[PDB]
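**Student:** I'd like to ask some things about the structure below.
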Amino acid sequence: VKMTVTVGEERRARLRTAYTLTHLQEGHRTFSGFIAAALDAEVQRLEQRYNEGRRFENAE
Amino acid sequence: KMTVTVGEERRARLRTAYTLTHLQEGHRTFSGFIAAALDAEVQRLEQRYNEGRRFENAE
């Protein structure tokens, strides 16, 4: 069971820096929440572009 | 650290979205897709809060 995604050391550092400098303005209370919101926004964008705004079904 | 935590369900949604859209989105690997999504967010934040410049830690 995988609960993480690989980003790389440098990218994680860039994300931490971006978070520190912008999280109050963006309304994110934790780094975990910042990451979750960014990734969920991408999935939603792809649903809109390619799946008529509907959720994609996971493969059974 | 080289990873970020997303949780089991979110990882599954990311894998599904990647599988179904990667070719037209221009990503050859899942990690490339993840990197691009997160880099696009950092870039969006740079534009909004730092006039498009790279972020720097306070020293």
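Labels for the structure tokens follow display order: chains A, B, ..., residues from 1 in each chain, ligands from 1.
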Please, which residues of chain A lie no more than 9 Å from chain B when the count uses only C-alpha atoms, and can they be set out as a PyMOL selection string?
**Tutor:** chain A and resi 1-15+17-22+25+32+35-36+38-40+42-43+46-47+50+56-59
**Student:** Next, write the just-selected residues to a file, as a compact mmCIF listing (two decimals), in the first residue's frame, keeping N, CA, C and O atoms as the atom set.
**Tutor:**
```txt
# COMPACT_ATOMS: atom_id res chain seq x y z
N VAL A 1 0.85 -1.23 0.00
CA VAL A 1 0.00 0.00 0.00
C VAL A 1 0.87 1.26 0.00
O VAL A 1 1.61 1.52 0.95
N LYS A 2 0.77 2.04 -1.08
CA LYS A 2 1.57 3.24 -1.23
C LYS A 2 0.78 4.49 -0.88
O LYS A 2 -0.34 4.70 -1.36
N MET A 3 1.38 5.33 -0.03
CA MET A 3 0.70 6.51 0.49
C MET A 3 1.47 7.80 0.21
O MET A 3 1.07 8.87 0.66
N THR A 4 2.56 7.68 -0.54
CA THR A 4 3.42 8.81 -0.89
C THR A 4 3.61 8.84 -2.41
O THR A 4 3.35 7.84 -3.08
N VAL A 5 4.06 9.98 -2.93
CA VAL A 5 4.59 10.08 -4.29
C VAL A 5 6.01 10.65 -4.25
O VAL A 5 6.32 11.50 -3.41
N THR A 6 6.86 10.17 -5.14
CA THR A 6 8.24 10.64 -5.21
C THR A 6 8.30 11.97 -5.96
O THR A 6 7.71 12.11 -7.03
N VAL A 7 9.00 12.94 -5.37
CA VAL A 7 9.16 14.26 -5.99
C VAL A 7 10.63 14.63 -6.21
O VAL A 7 10.93 15.47 -7.05
N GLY A 8 11.53 14.01 -5.45
CA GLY A 8 12.95 14.38 -5.46
C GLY A 8 13.29 15.34 -4.33
O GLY A 8 12.44 16.11 -3.89
N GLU A 9 14.53 15.27 -3.84
CA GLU A 9 15.00 16.13 -2.76
C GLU A 9 14.87 17.62 -3.08
O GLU A 9 14.36 18.38 -2.26
N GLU A 10 15.31 18.02 -4.27
CA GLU A 10 15.30 19.43 -4.66
C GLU A 10 13.89 19.99 -4.81
O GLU A 10 13.60 21.12 -4.39
N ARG A 11 13.01 19.19 -5.40
CA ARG A 11 11.64 19.60 -5.58
C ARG A 11 10.91 19.70 -4.25
O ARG A 11 10.17 20.66 -4.03
N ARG A 12 11.14 18.74 -3.34
CA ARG A 12 10.54 18.86 -2.01
C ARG A 12 10.99 20.14 -1.33
O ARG A 12 10.19 20.82 -0.70
N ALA A 13 12.27 20.49 -1.47
CA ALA A 13 12.77 21.73 -0.89
C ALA A 13 12.11 22.97 -1.51
O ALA A 13 11.76 23.91 -0.79
N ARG A 14 11.91 22.97 -2.83
CA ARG A 14 11.22 24.07 -3.49
C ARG A 14 9.77 24.19 -3.00
O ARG A 14 9.26 25.28 -2.81
N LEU A 15 9.11 23.05 -2.81
CA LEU A 15 7.75 23.03 -2.31
C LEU A 15 7.65 23.55 -0.88
O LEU A 15 6.75 24.32 -0.58
N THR A 17 9.72 25.69 0.52
CA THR A 17 9.96 27.13 0.47
C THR A 17 8.71 27.88 -0.01
O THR A 17 8.29 28.87 0.59
N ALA A 18 8.10 27.38 -1.08
CA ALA A 18 6.87 27.99 -1.59
C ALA A 18 5.79 28.00 -0.51
O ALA A 18 5.11 29.00 -0.30
N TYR A 19 5.64 26.86 0.15
CA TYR A 19 4.68 26.75 1.24
C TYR A 19 4.93 27.80 2.34
O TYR A 19 4.03 28.55 2.72
N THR A 20 6.17 27.88 2.82
CA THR A 20 6.46 28.80 3.91
C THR A 20 6.07 30.22 3.54
O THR A 20 5.45 30.95 4.32
N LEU A 21 6.40 30.62 2.32
CA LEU A 21 6.21 32.00 1.90
C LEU A 21 4.78 32.37 1.51
O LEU A 21 4.44 33.55 1.45
N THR A 22 3.93 31.37 1.24
CA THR A 22 2.60 31.66 0.67
C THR A 22 1.41 31.02 1.39
O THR A 22 0.26 31.34 1.07
N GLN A 25 -1.36 33.31 3.01
CA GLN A 25 -2.15 33.99 1.97
C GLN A 25 -3.09 33.03 1.25
O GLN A 25 -4.18 33.41 0.82
N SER A 32 1.07 19.34 4.51
CA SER A 32 0.29 18.20 4.02
C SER A 32 -0.95 18.68 3.29
O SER A 32 -1.29 18.15 2.22
N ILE A 35 -0.01 20.29 -0.16
CA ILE A 35 0.26 19.25 -1.16
C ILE A 35 -1.02 18.58 -1.64
O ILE A 35 -1.24 18.41 -2.85
N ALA A 36 -1.87 18.20 -0.70
CA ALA A 36 -3.13 17.52 -1.04
C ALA A 36 -3.97 18.40 -1.94
O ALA A 36 -4.54 17.91 -2.93
N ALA A 38 -3.04 20.92 -3.94
CA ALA A 38 -2.40 21.10 -5.25
C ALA A 38 -2.64 19.89 -6.14
O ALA A 38 -2.98 20.02 -7.31
N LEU A 39 -2.47 18.70 -5.58
CA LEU A 39 -2.63 17.49 -6.37
C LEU A 39 -4.09 17.22 -6.71
O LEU A 39 -4.41 16.81 -7.83
N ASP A 40 -5.00 17.49 -5.77
CA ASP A 40 -6.43 17.34 -6.06
C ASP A 40 -6.89 18.31 -7.14
O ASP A 40 -7.72 17.95 -7.98
N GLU A 42 -5.13 19.33 -9.65
CA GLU A 42 -4.69 18.78 -10.93
C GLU A 42 -5.63 17.68 -11.40
O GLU A 42 -6.02 17.66 -12.58
N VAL A 43 -6.00 16.76 -10.51
CA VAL A 43 -6.94 15.71 -10.89
C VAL A 43 -8.25 16.33 -11.38
O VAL A 43 -8.78 15.93 -12.43
N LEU A 46 -7.93 17.72 -14.90
CA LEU A 46 -7.95 16.64 -15.88
C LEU A 46 -9.35 16.06 -16.07
O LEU A 46 -9.73 15.75 -17.21
N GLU A 47 -10.12 15.93 -14.99
CA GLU A 47 -11.52 15.50 -15.10
C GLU A 47 -12.30 16.45 -15.99
O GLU A 47 -13.09 16.02 -16.84
N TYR A 50 -10.88 16.17 -19.83
CA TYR A 50 -10.90 14.89 -20.53
C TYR A 50 -12.01 13.93 -20.17
O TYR A 50 -12.20 12.93 -20.86
N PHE A 56 -12.86 10.24 -12.69
CA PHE A 56 -12.36 9.03 -13.34
C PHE A 56 -12.62 7.82 -12.45
O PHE A 56 -12.47 7.90 -11.23
N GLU A 57 -13.00 6.69 -13.04
CA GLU A 57 -13.08 5.44 -12.27
C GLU A 57 -11.73 4.77 -12.11
O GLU A 57 -11.02 4.57 -13.09
N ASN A 58 -11.38 4.40 -10.87
CA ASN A 58 -10.23 3.54 -10.64
C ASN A 58 -10.46 2.18 -11.27
O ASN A 58 -11.60 1.68 -11.29
N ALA A 59 -9.40 1.59 -11.81
CA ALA A 59 -9.45 0.25 -12.38
C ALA A 59 -9.70 -0.78 -11.27
O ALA A 59 -9.01 -0.76 -10.25
```
**Student:** Give me every alpha helix (DSSP H) residue in chain A, going by DSSP on the backbone, as a short mmCIF file (atom, residue, chain, number, x, y, z; two decimals) with N, CA and C atoms, in the first residue's frame.
**Tutor:**
```
data_model
loop_
_atom_site.label_atom_id
_atom_site.label_comp_id
_atom_site.auth_asym_id
_atom_site.auth_seq_id
_atom_site.Cartn_x
_atom_site.Cartn_y
_atom_site.Cartn_z
N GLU A 9 14.53 15.27 -3.84
CA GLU A 9 15.00 16.13 -2.76
C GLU A 9 14.87 17.62 -3.08
N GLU A 10 15.31 18.02 -4.27
CA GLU A 10 15.30 19.43 -4.66
C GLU A 10 13.89 19.99 -4.81
N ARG A 11 13.01 19.19 -5.40
CA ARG A 11 11.64 19.60 -5.58
C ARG A 11 10.91 19.70 -4.25
N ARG A 12 11.14 18.74 -3.34
CA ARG A 12 10.54 18.86 -2.01
C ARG A 12 10.99 20.14 -1.33
N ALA A 13 12.27 20.49 -1.47
CA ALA A 13 12.77 21.73 -0.89
C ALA A 13 12.11 22.97 -1.51
N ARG A 14 11.91 22.97 -2.83
CA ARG A 14 11.22 24.07 -3.49
C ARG A 14 9.77 24.19 -3.00
N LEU A 15 9.11 23.05 -2.81
CA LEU A 15 7.75 23.03 -2.31
C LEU A 15 7.65 23.55 -0.88
N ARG A 16 8.58 23.13 -0.01
CA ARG A 16 8.64 23.67 1.36
C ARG A 16 8.83 25.18 1.37
N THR A 17 9.72 25.69 0.52
CA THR A 17 9.96 27.13 0.47
C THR A 17 8.71 27.88 -0.01
N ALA A 18 8.10 27.38 -1.08
CA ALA A 18 6.87 27.99 -1.59
C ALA A 18 5.79 28.00 -0.51
N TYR A 19 5.64 26.86 0.15
CA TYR A 19 4.68 26.75 1.24
C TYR A 19 4.93 27.80 2.34
N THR A 20 6.17 27.88 2.82
CA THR A 20 6.46 28.80 3.91
C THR A 20 6.07 30.22 3.54
N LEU A 21 6.40 30.62 2.32
CA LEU A 21 6.21 32.00 1.90
C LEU A 21 4.78 32.37 1.51
N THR A 22 3.93 31.37 1.24
CA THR A 22 2.60 31.66 0.67
C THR A 22 1.41 31.02 1.39
N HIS A 23 1.66 30.14 2.35
CA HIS A 23 0.55 29.35 2.92
C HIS A 23 -0.50 30.16 3.67
N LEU A 24 -0.06 31.21 4.36
CA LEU A 24 -1.00 32.08 5.09
C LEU A 24 -1.93 32.78 4.10
N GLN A 25 -1.36 33.31 3.01
CA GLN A 25 -2.15 33.99 1.97
C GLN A 25 -3.09 33.03 1.25
N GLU A 26 -2.64 31.79 1.08
CA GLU A 26 -3.41 30.76 0.38
C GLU A 26 -4.38 30.02 1.29
N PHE A 31 1.66 21.87 5.56
CA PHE A 31 2.29 21.45 4.32
C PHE A 31 1.50 20.30 3.69
N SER A 32 1.07 19.34 4.51
CA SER A 32 0.29 18.20 4.02
C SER A 32 -0.95 18.68 3.29
N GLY A 33 -1.64 19.68 3.85
CA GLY A 33 -2.82 20.21 3.21
C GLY A 33 -2.52 20.98 1.93
N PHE A 34 -1.41 21.70 1.89
CA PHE A 34 -0.96 22.38 0.67
C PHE A 34 -0.72 21.37 -0.46
N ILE A 35 -0.01 20.29 -0.16
CA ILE A 35 0.26 19.25 -1.16
C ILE A 35 -1.02 18.58 -1.64
N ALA A 36 -1.87 18.20 -0.70
CA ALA A 36 -3.13 17.52 -1.04
C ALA A 36 -3.97 18.40 -1.94
N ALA A 37 -4.08 19.71 -1.63
CA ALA A 37 -4.91 20.61 -2.42
C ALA A 37 -4.36 20.80 -3.83
N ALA A 38 -3.04 20.92 -3.94
CA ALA A 38 -2.40 21.10 -5.25
C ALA A 38 -2.64 19.89 -6.14
N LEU A 39 -2.47 18.70 -5.58
CA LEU A 39 -2.63 17.49 -6.37
C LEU A 39 -4.09 17.22 -6.71
N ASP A 40 -5.00 17.49 -5.77
CA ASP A 40 -6.43 17.34 -6.06
C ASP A 40 -6.89 18.31 -7.14
N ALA A 41 -6.35 19.53 -7.14
CA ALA A 41 -6.68 20.51 -8.17
C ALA A 41 -6.27 20.01 -9.56
N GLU A 42 -5.13 19.33 -9.65
CA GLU A 42 -4.69 18.78 -10.93
C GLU A 42 -5.63 17.68 -11.40
N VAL A 43 -6.00 16.76 -10.51
CA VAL A 43 -6.94 15.71 -10.89
C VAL A 43 -8.25 16.33 -11.38
N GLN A 44 -8.76 17.32 -10.66
CA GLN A 44 -10.00 17.96 -11.06
C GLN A 44 -9.88 18.66 -12.43
N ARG A 45 -8.74 19.30 -12.69
CA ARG A 45 -8.48 19.92 -13.99
C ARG A 45 -8.55 18.87 -15.11
N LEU A 46 -7.93 17.72 -14.90
CA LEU A 46 -7.95 16.64 -15.88
C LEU A 46 -9.35 16.06 -16.07
N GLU A 47 -10.12 15.93 -14.99
CA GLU A 47 -11.52 15.50 -15.10
C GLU A 47 -12.30 16.45 -15.99
N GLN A 48 -12.09 17.75 -15.80
CA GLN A 48 -12.77 18.77 -16.59
C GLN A 48 -12.37 18.71 -18.06
N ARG A 49 -11.08 18.56 -18.32
CA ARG A 49 -10.56 18.58 -19.69
C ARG A 49 -10.90 17.33 -20.49
N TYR A 50 -10.88 16.17 -19.83
CA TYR A 50 -10.90 14.89 -20.53
C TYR A 50 -12.01 13.93 -20.17
#
```
**Student:** Please, what distance in Å, to one decimal, runs between atom CA of residue 44 of chain B and atom CA of residue 28 of chain A?
**Tutor:**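 Separating atom CA of residue 44 of chain B from atom CA of residue 28 of chain A is a distance of 15.3 Å.
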